[PDB]
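Undergrad: sequence, then the experimental structure. Questions to follow.
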Amino acid sequence: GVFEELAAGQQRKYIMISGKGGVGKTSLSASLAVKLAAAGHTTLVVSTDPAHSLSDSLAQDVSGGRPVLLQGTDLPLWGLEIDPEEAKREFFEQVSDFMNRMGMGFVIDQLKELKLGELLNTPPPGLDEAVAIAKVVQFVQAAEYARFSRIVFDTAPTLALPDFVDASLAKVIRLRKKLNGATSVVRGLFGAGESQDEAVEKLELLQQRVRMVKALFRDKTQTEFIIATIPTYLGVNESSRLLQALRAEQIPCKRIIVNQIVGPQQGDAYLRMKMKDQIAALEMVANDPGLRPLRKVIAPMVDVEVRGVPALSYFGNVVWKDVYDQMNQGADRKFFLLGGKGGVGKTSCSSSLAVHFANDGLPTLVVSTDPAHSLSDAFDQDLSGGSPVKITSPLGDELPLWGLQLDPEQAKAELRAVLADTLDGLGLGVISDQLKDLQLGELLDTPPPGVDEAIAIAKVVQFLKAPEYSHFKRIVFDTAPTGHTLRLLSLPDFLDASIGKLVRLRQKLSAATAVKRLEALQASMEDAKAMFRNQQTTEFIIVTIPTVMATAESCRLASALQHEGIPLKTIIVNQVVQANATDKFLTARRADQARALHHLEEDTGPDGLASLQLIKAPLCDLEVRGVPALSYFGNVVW
């Protein structure tokens, strides 16, 4: 049986459930926990979610920091909610002045102003989610709460990080045993004592608990993964590439589940469901707090998926034409940025905006920060690389637009590598440490959550120059399908961090007898930030769907981004089924499923990325919030 294999032995087996994008992944790893606890396994289900997903999906306050046993069932089950930001960083946390008389006292007070002690105390980025699952193995081999027969994991949506933190710990671990025996003033630059042996003795064990992680995922006996994906086309080949990893890094992956499939019998119930969502959300779009001032547009759902240049021109009449295209009014230049989580087809809108006022007399560059080749699939032209490309599909006619694609991961490493290029010799002058600190100076440029793309944006802000300053009048951005949009004013303090460090280095550069390299980064961001609070030339667009959850989220970000200051003047609701052809919507989405099921069943056979073992999960017509509902949803699927 499908389930029988997951509950076979008393030999502790860790179930992992990995996927992306609200597939009900929580609701099905919860079912699996329950239906396993029904089989006799003392079982623990854990989620690393600050939204406390395991709690709302269990209907108990299981969201305590340690594993808590549930009230109200004779069924043996434990849930664990782990705090990433607090707990993980918590385990991490004579007077001979005679140099003053050599005048050294000016150079020593400029190095202590680099506060390299801090940079050693900054716990490396990624630590929390790296040690999350190691904390899980504590309570189970500890058995202080109970002997756990199986463990079920709700993983964060989509192994490299445990080695990154392994490497950032060694870099910091390598430096402290070099400081255990050191001259008294050298330690003064770090604020470190004589005997370093108390801190390294525990810095290593934290490094070893990151290593047991990498050894667990590989562990052929305890561990096993299961992928979870919604039947969409993109979701299948996204999961196809996920398994590619699981076969390389030796991680056993034996099952894939597909949730949110429409069944044949009860497919007619889906539309009654889907509609009341759209009714509720639009009632809120009409009435939501703070949505009042910004302009609103309702788009009726995609006729046939927009993959063409002409298709993009007709889409332009749908969103911006029957409703007002009076965006075009203003100064000679316009900066248009569009954003939204992945799935709304904002690129189809984003692309359709450049095309619309291409032939209207306006030369307009569309910039895509989507690394998935959106623009290359949206105009159907393979617009690759960073430099602009002309657009060739139409019947011979004026095309005043272009489109450039910036990998944001490639735009970040493009930037970090620039900083690889005297003061080095001085630090190296007591013992060789330049290689370590340079890399560790960058431990303070990865901390930001969604910056890789802001790099890609400020790159083209500065592209205002005689080669282009004359060429383009309006430009339109296509943010990647993530949380680009930063609603809290971290702009000036990510900017100050830059000054804080470009002013701290000017303090030691003048003492050793570069920083204007950080001046290029200083003015470029300030040139980007200049076009963000620009009221006349710049305005924003946020693309969303009538699923009520995703709708209030689009206000949750609207109202907060408003008092931030950024002019966000339009929201788009791109995929609105309409009832007169409600029959066709069902008939279409039903096919988009089994049409994509074909694409998975045709995956190269069983070599690597596979057709390994399939689990079809019917449509979540009910809230699964109750513990019995999960017992039901679990015997349906497993």
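TA: That came through fine. Numbers count the residues shown, from 1 in each chain.

Undergrad: hey, what's the residue nearest to residue 337 when sequence neighbours are not counted bridged with?
TA: Leaving aside its sequence neighbours, residue 337 sits nearest to residue 477 (Cβ to Cβ, 6 or more residues apart in numbering; 4.2 Å). Where you see a C-beta, it was placed from the backbone N, CA and C, and this is true even at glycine. Judged by DSSP bridges, the bridge partners of residue 477 are residue 337, residue 367.

Undergrad: distance of residue 477 relative to residue 2?
TA: Distance check for residue 477 against residue 2: by Cβ to Cβ, to the nearest Å, it reads 46 Å.

Undergrad: so which of the two has more stuff around it?
TA: Shown here are residue 477 and residue 2; by other Cβ atoms under 10 Å, residue 477 has more neighbours (23 against 12).

Undergrad: ok, so what distance separates the more buried one from residue 354?
TA: Counting by Cβ to Cβ, the gap from residue 477 to residue 354 is 10 Å.

Undergrad: what's the overlap in contacts for these two?
TA: With contacts taken as Cβ atoms under 8 Å, 6 or more residues apart in numbering, the residues that reach both residue 477 and residue 354 are residue 366.

Undergrad: look up phi and psi at residue 470.
TA: Here is the backbone geometry of residue 470 (degrees, to the nearest 10): phi -90, psi -30.

Undergrad: check contacts around residue 441.
TA: 119, 501.

Undergrad: quick check, it in a helix?
TA: Yes: counting by DSSP: H, G, I helix; E, B strand; the rest coil, residue 441 falls inside a helix.

Undergrad: going forward, the N-terminal residue is numbered 458.
TA: I'll keep to 458 as the first residue from here, and by that count the last item is residue 898.

Undergrad: any buried residues in stretch 565-580, and which?
TA: 565, 567, 568, 571, 573, 576, 577, 579, 580 (16 or more other Cβ atoms under 10 Å).

Undergrad: which stretches of the stretch 908-1057 of the chain form helices?
TA: Counting by DSSP state H, counting those that start in this stretch, the stretch 908-1057 of the chain has helices at residues 908-918, 923-926, 948-966, 973-987, 1005-1013, 1015-1021, 1039-1058.

Undergrad: any idea which of those is most buried?
TA: Of all the helices of the stretch 908-1057 of the chain, helix 908-918 has the most neighbours on average by mean count of other Cβ atoms under 10 Å, namely a mean of 21.

Undergrad: other SSEs contacting that one?
TA: strand 821-825, helix 865-873, helix 973-987 (3 or more Cβ pairs under 8 Å, 6 or more residues apart in numbering; DSSP states H and E).

Undergrad: distance between whichever helix or strand comes after the second one and the chain's centre?
TA: Proceeding C-terminally, helix 865-873 gives way to helix 880-884 as the next helix or strand, assigned by DSSP states H and E. The offset between the C-alpha centroid of helix 880-884 and the centroid of the whole chain comes to 37 Å, using Cα atoms, centre = their mean, to the nearest Å.

Undergrad: elements contacting helix 880-884?
TA: Against helix 880-884 (3+ Cβ pairs under 8 Å, 6+ apart) you get helix 891-898, helix 948-966.
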